[PDB]
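Participant: Would you be able to build a 3D model of this:
(one chain, ligands or ions: 2)
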Amino acid sequence: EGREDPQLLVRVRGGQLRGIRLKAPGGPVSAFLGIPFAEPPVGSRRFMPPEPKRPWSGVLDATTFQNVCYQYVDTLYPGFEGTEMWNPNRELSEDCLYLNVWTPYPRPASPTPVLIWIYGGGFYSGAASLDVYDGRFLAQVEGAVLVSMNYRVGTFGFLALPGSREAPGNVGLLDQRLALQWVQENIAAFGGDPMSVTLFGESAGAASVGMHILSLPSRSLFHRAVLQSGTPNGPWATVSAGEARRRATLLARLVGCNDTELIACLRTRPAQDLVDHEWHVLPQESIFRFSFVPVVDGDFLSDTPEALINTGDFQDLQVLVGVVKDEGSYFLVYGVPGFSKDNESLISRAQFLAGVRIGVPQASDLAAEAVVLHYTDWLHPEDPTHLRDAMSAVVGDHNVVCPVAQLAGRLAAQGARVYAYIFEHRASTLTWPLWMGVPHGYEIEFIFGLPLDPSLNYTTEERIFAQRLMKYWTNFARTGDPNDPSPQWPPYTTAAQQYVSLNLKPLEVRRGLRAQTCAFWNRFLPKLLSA
Ligand SMILES: *[C@@H]1O[C@H](CO)[C@@H](O)[C@H](O)[C@H]1NC(C)=O
Ligand SMILES: *[C@@H]1O[C@H](CO)[C@@H](O)[C@H](O)[C@H]1NC(C)=O
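Facilitator: Numbers count the residues shown, from 1 in each chain. Ligands and ions are numbered 1, 2, ... in the order given. Below you will find the coordinate block:
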């Protein structure tokens with residue numbers, strides 16, 4: 001301070017910050033990266049609810065991203081951009097509770113609507129610093145204030161001995177909640193409007209947004225929510241207290257460890273030892289299942305998300321939810337034999353039956369038969385191309401498309417204003433093979449407006465498409481309505497079940513989100529599982 005850029009010095013509750021001026025394609029933006037919002041949850045604080053960060057002295061340098069929360073690093077396809085883009089891009093550390101703010105430059109002179117991003121990655125990975133979550137474009141082009149926070153994942157964020165004091169569960173969700181409290185207190189300092197805060201996230205980040213909707217103390221911290229390909233209901237986003245306890249104690253055993261004693265022993269283990277064993281505690285060979293996720297603790301979650309969306313009053317809530325065209329394909333190449341990014345993955349009937357048992361790992365024999373019966377093409381029951389695509393649909397429908405359907409429906413029936421979409425454009429720059437279609441996670445780079453960066457090699461149409469999506473999302477944040485006061489985007493309702501297609505063509509309205517197949521998963525499967 002003296003010779004420094006006066007536009008980049010800001011004070012928050014904990015002290016003084018110095019940000020950085022970044023170049024976006026249409027002009028500069030302000031970034032404040034690596035702002036601590038919690039005491040490092042290390043040592044005796046592992047597994048504990050986060051504690052608000054204590055004020056610092058001097059000017060904290062906020063010009064670079066901070067550490068990524070310790071996590072498993074995916075190694076299926078080494079050096080291949082398809083997997084690498086999701087991997088940690090800063091040092092892994094338990095000291096990782098930091099958040100990031102982008103704003104116009106100079107800062108808005110009047111209060112601007114805030115978007116808060118929560119990343120996905122199965123509650124076992126992810127980071128707010130990845131290139132695909134870069135807020136410079138939304139800030140520069142839409143004038144948004146954008147916030148994203150790291151939160152603890154894996155065991156560090158989600159290992160629970162329900163009822164204990166030392167490992168109560170859900171602390172990754174409480175990391176997110178603390179960041180939201182930080183926004184309420186401090187965002188006015190950056191030109192943000194704490195009275196207009198829209199949450200958005202994808203996959204597990206979406207489930208997270210969902211859980212904030214369903215958890216009362218989070219409710220006063222935001223006004224609107226966007227759930228991209230993820231929901232708090234469904235088969236992967238939560239586990240019961242019993243199951244959480246069973247996994248935590250199996251994991252303790254695997255690393256050589258009365259809850260207080262078990263937990264103290266876990267606290268002496270190297271971070272990397274926990275990461276090395278976390279995946280071993282799943283009860284069946286699975287895909288789209290994760291070891292350490294939110295637990296129904298009767299605390300953060302007072303009941304299952306199913307019970308809470310069923311009985312909730314959602315009157316003052318606006319919500320944007322949707323899915324990509326091919327939610328399942330991405331997951332098949334990891335753990336279903338016969339699938340691969342490097343060939344067409346034309347599978348046999350035998351491999352379809354086997355993949356159904358992996359895709360629906362909780363299924364009894366009869367339930368699995370029902371799944372196979374429903375997805376088999378009975379004019380061509382052995383055709384490898386249909387079996388390959390049907391396998392994808394099983395996984396995408398069970399895990400994402402049908403839970404989203406159930407969510408939109410319950411939320412509307414109960415007074416929320418809902419807008420639904422299906423995203424159907426495949427990036428021209430996609431490195432996954434064609435058969436995977438428009439895979440899970442590949443809408444994000446358009447919502448954040450990466451196609452605006454000329455060096456990324458997107459097409460001109462893709463550039464205009466990204467601009468449209470950015471408008472929808474920020475209109476929504478701003479007013480609860482994606483429409484600009486072009487074809488209209490009607491609200492989703494139980495009666496008409498309308499949603500739109502997001503692609504290069506103008507909005508097209510459709511009805512029924514896999515209505516027929518989703519009745520199978522949402523109404524019939526549960527009844528069949530008992531017995
Ligand atoms: C594609 O590759 C996978 C793994 O290498 C293999 O199991 C599968 O059989 C291959 N597909 C065909 C039909 O060759
Ligand atoms: C974009 O295209 C140019 C020209 O071939 C190439 O040199 C550059 O590496 C490309 N960047 C990406 C990420 O595709």
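
Participant: Spell out which residues of the stretch 201-350 of the chain are next to ligand 1.
Facilitator: Residues of the stretch 201-350 of the chain lying close to ligand 1 (C-beta under 6 Å from any ligand atom) are 338, 340, 343, 345-346. Heads up, the C-betas are built off the backbone N, CA and C, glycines and all.

Participant: and if we set it to 8 Å?
Facilitator: Within the stretch 201-350 of the chain, the positions near ligand 1 by C-beta under 8 Å from any ligand atom are 337-340, 342-347.

Participant: do the chain as well
Facilitator: Residues of the chain lying near ligand 1 (C-beta under 8 Å from any ligand atom): 337-340, 342-347, 384.

Participant: so where do the helices sit in the stretch 401-531 of the chain?
Facilitator: Listed in chain order, the helices of the stretch 401-531 of the chain (DSSP state H, counting those that start in this stretch) span 402-413, 444-447, 460-479, 515-519, 525-529.

Participant: Of these, which is nearest residue 375?
Facilitator: Closest approach to residue 375 among those (C-beta to C-beta): helix 515-519, 8.4 Å.

Participant: neighbouring contacts of the closest one?
Facilitator: For helix 515-519, contacts defined as C-beta atoms under 8 Å, 6 or more residues apart in numbering pick out 374, 393, 397, 401-402, 405-406, 497.

Participant: who's in contact with the most centrally placed residue in the chain?
Facilitator: The residue lying closest to the centre of the chain (C-alpha atoms, centre = their mean) is residue 205, at 2.1 Å. The contact partners of residue 205, taken as C-beta under 8 Å, 6+ apart, are 117-121, 126, 228, 230.

Participant: Helices along the stretch 51-200 of the chain, start to end?
Facilitator: Remark: helices assigned in the stretch 51-200 of the chain by DSSP H, counting those that start in this stretch are 81-84, 136-142, 154-158, 171-186.

Participant: what's across from residue 417 in the sheet?
Facilitator: Here residue 417 sits in beta bridges with residue 318, going by DSSP bridges.

Participant: re earlier: just put the helices of the stretch 401-531 of the chain in JSON lines and tack on mean neighbour count.
Facilitator: Shown next, in JSON lines, are the helices of the stretch 401-531 of the chain (neighbours: other C-beta atoms under 10 Å):
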{"stretch": "helix 402-413", "mean neighbour count": "24"}
{"stretch": "helix 444-447", "mean neighbour count": "24"}
{"stretch": "helix 460-479", "mean neighbour count": "19"}
{"stretch": "helix 515-519", "mean neighbour count": "14"}
{"stretch": "helix 525-529", "mean neighbour count": "14"}
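
Participant: quick one: which of the ones you listed is nearest residue 421?
Facilitator: Closest to residue 421 of these is helix 460-479 (C-beta to C-beta; 8.4 Å).

Participant: Packing partners of that closest one?
Facilitator: The contact analysis (3 or more C-beta pairs under 8 Å, 6 or more residues apart in numbering; DSSP states H and E) places helix 460-479 against strand 112-118, helix 136-142, strand 192-202, strand 224-228, strand 318-324, helix 444-447.

Participant: Try it again at 7 Å.
Facilitator: Applying 3 or more C-beta pairs under 7 Å, 6 or more residues apart in numbering; DSSP states H and E, we find helix 460-479 packed against strand 112-118, helix 136-142, strand 224-228, helix 444-447.

Participant: what's the angle between that helix and strand 318-324?
Facilitator: 150 degrees (axes from the mean of the first three to the mean of the last three C-alpha atoms, to 10 degrees).

Participant: between helix 460-479 and strand 112-118, how many degrees?
Facilitator: Relative orientation of helix 460-479 versus strand 112-118 (the same axes, to 10 degrees): 110 degrees.

Participant: between helix 460-479 and strand 224-228, what angle do the directions make?
Facilitator: 150 degrees.

Participant: List the contacts of helix 460-479.
Facilitator: For helix 460-479, contacts defined as C-beta atoms under 7 Å, 6 or more residues apart in numbering pick out 113, 115, 138, 141-142, 144, 198, 224, 226, 320, 425, 428, 446-447, 449, 451-452, 481-484, 502, 504.

Participant: export the helices of the stretch 401-531 of the chain to TSV and tack on distance to residue 258?
Facilitator: Below are the helices of the stretch 401-531 of the chain laid out as TSV (distance: least, C-beta to C-beta, whole Å):
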stretch	distance to residue 258
helix 402-413	37
helix 444-447	44
helix 460-479	48
helix 515-519	45
helix 525-529	35
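
Participant: Is residue 95 in contact with residue 42, as I believe?
Facilitator: Yes: contact criterion C-beta atoms under 7 Å: residue 95 and residue 42 qualify, at 5.7 Å.

Participant: Kindly reformat the helices of the stretch 51-200 of the chain as JSON lines and extend each row with mean neighbour count.
Facilitator: Shown next, in JSON lines, are these (neighbours: other C-beta under 10 Å):
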{"stretch": "helix 81-84", "mean neighbour count": "16"}
{"stretch": "helix 136-142", "mean neighbour count": "24"}
{"stretch": "helix 154-158", "mean neighbour count": "27"}
{"stretch": "helix 171-186", "mean neighbour count": "23"}
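
Participant: I'd like these as JSON lines, with distance to residue 299 appended.
Facilitator: Below are the helices of the stretch 51-200 of the chain laid out as JSON lines (distance: least, C-beta to C-beta, whole Å):
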{"stretch": "helix 81-84", "distance to residue 299": "36"}
{"stretch": "helix 136-142", "distance to residue 299": "34"}
{"stretch": "helix 154-158", "distance to residue 299": "14"}
{"stretch": "helix 171-186", "distance to residue 299": "10"}
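
Participant: And the ones you listed: which comes nearest residue 63?
Facilitator: Among the helices of the stretch 51-200 of the chain, helix 136-142 sits nearest to residue 63 (C-beta to C-beta), with 13.9 Å.

Participant: Just the element for residue 396, please.
Facilitator: Here residue 396, judged by DSSP states H and E, is contained in helix 384-396.

Participant: relative orientation of that helix and helix 402-413 in degrees?
Facilitator: Going by the same axes, to 10 degrees, helix 384-396 is angled at 50 degrees with respect to helix 402-413.

Participant: Flag every buried residue along helix 384-396.
Facilitator: Residues 384, 386-396 are the ones in helix 384-396 that count as buried (16 or more other C-beta atoms under 10 Å).

Participant: And for stretch 439-456?
Facilitator: By 16+ other C-beta under 10 Å, the buried positions in stretch 439-456 come out as 439-453.

Participant: so how far is that stretch from its chain's centroid?
Facilitator: With C-alpha atoms, centre = their mean, to the nearest Å as the basis, stretch 439-456 stands 16 Å off its chain's centre.
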